[PDB]
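J.: Here you go, this is target-v3.pdb (PDB, C-alpha atoms).
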ATOM      1  CA  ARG A   1     -18.560 -10.434 -13.271
ATOM      2  CA  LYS A   2     -15.394  -9.708 -11.155
ATOM      3  CA  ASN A   3     -15.590  -8.564  -7.562
ATOM      4  CA  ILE A   4     -14.359  -5.039  -6.709
ATOM      5  CA  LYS A   5     -11.457  -5.085  -4.268
ATOM      6  CA  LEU A   6     -11.306  -2.474  -1.541
ATOM      7  CA  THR A   7      -8.876  -1.629   1.200
ATOM      8  CA  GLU A   8     -10.089  -2.197   4.720
ATOM      9  CA  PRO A   9     -10.479   1.553   5.608
ATOM     10  CA  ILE A  10     -12.585   1.998   2.400
ATOM     11  CA  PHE A  11     -14.670  -1.118   3.109
ATOM     12  CA  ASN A  12     -15.195   0.151   6.683
ATOM     13  CA  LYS A  13     -16.477   3.551   5.355
ATOM     14  CA  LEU A  14     -18.943   1.714   2.994
ATOM     15  CA  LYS A  15     -20.159  -0.514   5.858
ATOM     16  CA  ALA A  16     -20.531   2.525   8.137
ATOM     17  CA  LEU A  17     -22.562   4.395   5.491
ATOM     18  CA  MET A  18     -24.621   1.211   5.007
ATOM     19  CA  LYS A  19     -25.657   1.400   8.684
ATOM     20  CA  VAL A  20     -26.673   5.110   8.223
ATOM     21  CA  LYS A  21     -28.966   4.556   5.219
ATOM     22  CA  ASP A  22     -31.237   1.596   4.922
ATOM     23  CA  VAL A  23     -30.293   0.156   1.574
ATOM     24  CA  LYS A  24     -28.560  -2.826   0.001
ATOM     25  CA  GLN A  25     -24.808  -2.466  -0.624
ATOM     26  CA  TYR A  26     -24.894  -2.165  -4.435
ATOM     27  CA  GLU A  27     -27.929   0.263  -4.102
ATOM     28  CA  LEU A  28     -25.838   2.459  -1.874
ATOM     29  CA  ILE A  29     -23.037   2.548  -4.489
ATOM     30  CA  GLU A  30     -25.583   3.677  -7.106
ATOM     31  CA  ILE A  31     -26.937   6.513  -4.873
ATOM     32  CA  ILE A  32     -23.490   7.856  -4.185
ATOM     33  CA  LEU A  33     -22.318   7.432  -7.832
ATOM     34  CA  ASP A  34     -25.426   9.352  -9.014
ATOM     35  CA  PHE A  35     -24.887  12.042  -6.415
ATOM     36  CA  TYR A  36     -21.280  12.482  -7.516
ATOM     37  CA  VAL A  37     -22.148  12.512 -11.231
ATOM     38  CA  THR A  38     -24.926  15.115 -10.682
ATOM     39  CA  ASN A  39     -23.165  17.434  -8.281
ATOM     40  CA  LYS A  40     -19.435  17.147  -8.920
ATOM     41  CA  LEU A  41     -18.714  16.540 -12.644
ATOM     42  CA  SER A  42     -18.437  19.525 -15.036
ATOM     43  CA  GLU A  43     -20.975  19.730 -17.891
ATOM     44  CA  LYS A  44     -18.474  18.272 -20.406
ATOM     45  CA  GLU A  45     -17.342  15.556 -17.929
ATOM     46  CA  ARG A  46     -20.903  14.492 -17.445
ATOM     47  CA  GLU A  47     -21.617  14.366 -21.219
ATOM     48  CA  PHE A  48     -18.518  12.148 -21.626
ATOM     49  CA  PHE A  49     -19.671   9.933 -18.673
ATOM     50  CA  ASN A  50     -23.081   9.555 -20.391
ATOM     51  CA  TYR A  51     -21.350   8.743 -23.663
ATOM     52  CA  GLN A  52     -19.071   6.164 -22.047
ATOM     53  CA  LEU A  53     -21.997   4.639 -20.185
ATOM     54  CA  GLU A  54     -23.993   4.251 -23.513
ATOM     55  CA  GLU A  55     -20.873   2.530 -25.070
ATOM     56  CA  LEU A  56     -20.637  -0.007 -22.203
ATOM     57  CA  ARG A  57     -24.341  -0.935 -22.483
ATOM     58  CA  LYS A  58     -23.835  -2.014 -26.159
ATOM     59  CA  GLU A  59     -20.662  -4.000 -25.247
TER
ATOM     60  CA  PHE B   1      -7.105  -7.076  -0.917
ATOM     61  CA  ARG B   2      -9.024  -9.126   1.659
ATOM     62  CA  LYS B   3     -12.183  -7.100   1.277
ATOM     63  CA  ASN B   4     -14.318  -6.998  -1.793
ATOM     64  CA  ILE B   5     -17.845  -6.267  -2.975
ATOM     65  CA  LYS B   6     -20.028  -7.416  -5.848
ATOM     66  CA  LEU B   7     -22.085  -5.186  -8.043
ATOM     67  CA  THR B   8     -24.901  -5.736 -10.484
ATOM     68  CA  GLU B   9     -24.212  -5.102 -14.180
ATOM     69  CA  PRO B  10     -25.936  -1.620 -14.337
ATOM     70  CA  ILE B  11     -24.047  -0.222 -11.274
ATOM     71  CA  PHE B  12     -20.781  -1.730 -12.432
ATOM     72  CA  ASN B  13     -21.292  -0.049 -15.799
ATOM     73  CA  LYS B  14     -21.771   3.337 -14.077
ATOM     74  CA  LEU B  15     -18.632   2.794 -11.961
ATOM     75  CA  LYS B  16     -16.564   1.890 -15.156
ATOM     76  CA  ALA B  17     -17.866   4.973 -17.041
ATOM     77  CA  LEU B  18     -16.912   7.265 -14.143
ATOM     78  CA  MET B  19     -13.483   5.532 -14.016
ATOM     79  CA  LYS B  20     -13.059   6.589 -17.680
ATOM     80  CA  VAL B  21     -13.833  10.261 -16.759
ATOM     81  CA  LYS B  22     -11.440  10.392 -13.731
ATOM     82  CA  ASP B  23      -8.116   8.622 -13.682
ATOM     83  CA  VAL B  24      -7.992   6.628 -10.483
ATOM     84  CA  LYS B  25      -8.159   3.014  -9.428
ATOM     85  CA  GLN B  26     -11.560   1.468  -8.656
ATOM     86  CA  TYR B  27     -11.040   1.529  -4.886
ATOM     87  CA  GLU B  28      -9.865   5.183  -4.989
ATOM     88  CA  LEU B  29     -12.969   6.161  -6.997
ATOM     89  CA  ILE B  30     -15.168   4.420  -4.452
ATOM     90  CA  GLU B  31     -13.532   6.281  -1.639
ATOM     91  CA  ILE B  32     -13.824   9.657  -3.421
ATOM     92  CA  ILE B  33     -17.587   9.245  -4.053
ATOM     93  CA  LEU B  34     -18.131   7.911  -0.474
ATOM     94  CA  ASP B  35     -16.366  10.938   1.078
ATOM     95  CA  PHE B  36     -18.172  13.389  -1.237
ATOM     96  CA  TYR B  37     -21.539  11.949  -0.196
ATOM     97  CA  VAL B  38     -20.663  11.801   3.515
ATOM     98  CA  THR B  39     -19.500  15.456   3.462
ATOM     99  CA  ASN B  40     -22.323  16.859   1.304
ATOM    100  CA  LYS B  41     -25.452  14.748   1.535
ATOM    101  CA  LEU B  42     -25.623  13.494   5.192
ATOM    102  CA  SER B  43     -27.367  15.658   7.820
ATOM    103  CA  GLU B  44     -25.318  16.397  10.954
ATOM    104  CA  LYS B  45     -27.205  13.600  12.889
ATOM    105  CA  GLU B  46     -26.548  10.998  10.164
ATOM    106  CA  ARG B  47     -22.915  12.129  10.024
ATOM    107  CA  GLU B  48     -22.596  11.641  13.849
ATOM    108  CA  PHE B  49     -23.987   8.146  13.497
ATOM    109  CA  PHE B  50     -21.700   7.421  10.534
ATOM    110  CA  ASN B  51     -18.617   8.525  12.649
ATOM    111  CA  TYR B  52     -19.764   6.333  15.527
ATOM    112  CA  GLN B  53     -20.185   3.250  13.314
ATOM    113  CA  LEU B  54     -16.708   3.949  11.903
ATOM    114  CA  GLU B  55     -15.293   4.054  15.483
ATOM    115  CA  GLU B  56     -17.270   0.791  16.224
ATOM    116  CA  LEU B  57     -15.838  -1.003  13.145
ATOM    117  CA  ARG B  58     -12.349   0.078  14.420
ATOM    118  CA  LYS B  59     -12.964  -1.312  17.960
ATOM    119  CA  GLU B  60     -14.336  -4.568  16.482
ATOM    120  CA  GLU B  61     -11.017  -5.465  14.766
TER
END
What does this structure look like when you write it as structure tokens?

T.:
Amino acid sequence: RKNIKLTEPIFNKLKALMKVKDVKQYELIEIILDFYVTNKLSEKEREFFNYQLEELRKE
Amino acid sequence: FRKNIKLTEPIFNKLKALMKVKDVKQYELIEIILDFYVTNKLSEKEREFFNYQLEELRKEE
């Protein structure tokens, strides 16, 4: 429901990466989220992420 | 904050869940996952074009 507020340097980096790929803005956020979840969280961090995500979907 | 973005429900839910795993503000989390992707997933040619656009968005201010 609410917008997500960004600083101008962060908005600029999102717009620049938008140019590089060929995707809608929210689709880009999902790609980079997924990439971070898969390649940067520990095993236990990712299990808690999955858990939290399942809780939000029943909220 | 002048700038903002909208997200669909499913993407917003993934951003909120990752917020609960890290301990940073929304805009910081966005930056962290942007930078991680830029550094690790872009080829050298995409990265060059990313840096150029970033210089172009600076000029056009």

J.: Check which residues of chain B sit at most 6 Å from range 17-32 of chain A using only C-alpha atoms, and return one row each with the closest pair of atoms and their distance in Å to one decimal, ordered by chain and rising number, as a tab-separated table.

T.:
residue	atom	partner	partner_atom	distance
B:7	CA	A:26	CA	5.5
B:11	CA	A:30	CA	5.9
B:50	CA	A:17	CA	5.9

J.: Output as JSON lines one row per residue of range 13-40 of chain A within 8 Å of range 30-36 of chain B: the closest atom pair and its distance in Å to one decimal place, counting all atoms listed in the file, sorted by chain and residue number ascending.

T.:
{"residue": "A:13", "atom": "CA", "partner": "B:34", "partner_atom": "CA", "distance": 7.5}
{"residue": "A:14", "atom": "CA", "partner": "B:34", "partner_atom": "CA", "distance": 7.1}
{"residue": "A:32", "atom": "CA", "partner": "B:33", "partner_atom": "CA", "distance": 6.1}
{"residue": "A:33", "atom": "CA", "partner": "B:33", "partner_atom": "CA", "distance": 6.3}
{"residue": "A:36", "atom": "CA", "partner": "B:33", "partner_atom": "CA", "distance": 6.0}

J.: At a cut-off of 8 Å, can you tabulate as JSON lines every residue of chain B near chain A together with its closest atom pair and the distance in Å to one decimal, using all atoms listed in the file and ordering rows by chain then number?

T.:
{"residue": "B:1", "atom": "CA", "partner": "A:5", "partner_atom": "CA", "distance": 5.8}
{"residue": "B:2", "atom": "CA", "partner": "A:7", "partner_atom": "CA", "distance": 7.5}
{"residue": "B:3", "atom": "CA", "partner": "A:6", "partner_atom": "CA", "distance": 5.5}
{"residue": "B:4", "atom": "CA", "partner": "A:5", "partner_atom": "CA", "distance": 4.2}
{"residue": "B:5", "atom": "CA", "partner": "A:4", "partner_atom": "CA", "distance": 5.3}
{"residue": "B:6", "atom": "CA", "partner": "A:3", "partner_atom": "CA", "distance": 4.9}
{"residue": "B:7", "atom": "CA", "partner": "A:26", "partner_atom": "CA", "distance": 5.5}
{"residue": "B:8", "atom": "CA", "partner": "A:26", "partner_atom": "CA", "distance": 7.0}
{"residue": "B:9", "atom": "CA", "partner": "A:1", "partner_atom": "CA", "distance": 7.8}
{"residue": "B:11", "atom": "CA", "partner": "A:30", "partner_atom": "CA", "distance": 5.9}
{"residue": "B:13", "atom": "CA", "partner": "A:56", "partner_atom": "CA", "distance": 6.4}
{"residue": "B:14", "atom": "CA", "partner": "A:53", "partner_atom": "CA", "distance": 6.2}
{"residue": "B:15", "atom": "CA", "partner": "A:33", "partner_atom": "CA", "distance": 7.2}
{"residue": "B:16", "atom": "CA", "partner": "A:53", "partner_atom": "CA", "distance": 7.9}
{"residue": "B:17", "atom": "CA", "partner": "A:53", "partner_atom": "CA", "distance": 5.2}
{"residue": "B:18", "atom": "CA", "partner": "A:49", "partner_atom": "CA", "distance": 5.9}
{"residue": "B:20", "atom": "CA", "partner": "A:52", "partner_atom": "CA", "distance": 7.4}
{"residue": "B:21", "atom": "CA", "partner": "A:49", "partner_atom": "CA", "distance": 6.2}
{"residue": "B:26", "atom": "CA", "partner": "A:4", "partner_atom": "CA", "distance": 7.3}
{"residue": "B:27", "atom": "CA", "partner": "A:6", "partner_atom": "CA", "distance": 5.2}
{"residue": "B:30", "atom": "CA", "partner": "A:10", "partner_atom": "CA", "distance": 7.7}
{"residue": "B:31", "atom": "CA", "partner": "A:10", "partner_atom": "CA", "distance": 6.0}
{"residue": "B:33", "atom": "CA", "partner": "A:36", "partner_atom": "CA", "distance": 6.0}
{"residue": "B:34", "atom": "CA", "partner": "A:32", "partner_atom": "CA", "distance": 6.5}
{"residue": "B:36", "atom": "CA", "partner": "A:36", "partner_atom": "CA", "distance": 7.1}
{"residue": "B:37", "atom": "CA", "partner": "A:32", "partner_atom": "CA", "distance": 6.0}
{"residue": "B:38", "atom": "CA", "partner": "A:17", "partner_atom": "CA", "distance": 7.9}
{"residue": "B:46", "atom": "CA", "partner": "A:20", "partner_atom": "CA", "distance": 6.2}
{"residue": "B:49", "atom": "CA", "partner": "A:20", "partner_atom": "CA", "distance": 6.7}
{"residue": "B:50", "atom": "CA", "partner": "A:16", "partner_atom": "CA", "distance": 5.6}
{"residue": "B:51", "atom": "CA", "partner": "A:16", "partner_atom": "CA", "distance": 7.7}
{"residue": "B:53", "atom": "CA", "partner": "A:16", "partner_atom": "CA", "distance": 5.2}
{"residue": "B:54", "atom": "CA", "partner": "A:16", "partner_atom": "CA", "distance": 5.6}
{"residue": "B:57", "atom": "CA", "partner": "A:12", "partner_atom": "CA", "distance": 6.6}

J.: Using all atoms of range 37-48 of chain A that appear in the file, construct an axis-aligned enclosing box with 6 Å of padding on every side and provide its centre coordinates and edge lengths in Å, rounded to one decimal, as AutoDock Vina command-line options.

T.:
--center_x -21.1 --center_y 15.9 --center_z -15.0 --size_x 19.6 --size_y 19.6 --size_z 25.3

J.: What does the distance from CA of residue 19 in chain B to CA of residue 59 in chain A come to in Å, to one decimal?

T.: 16.4 Å

J.: Rounded to one decimal place, report the CA of residue 58 in chain B-CA of residue 28 in chain B distance in Å.

T.: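 Distance reported for this atom pair: 20.2 Å.
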
J.: Report the distance between CA of residue 39 in chain B and CA of residue 59 in chain B in Å, rounded to one decimal place.

T.: 23.1 Å
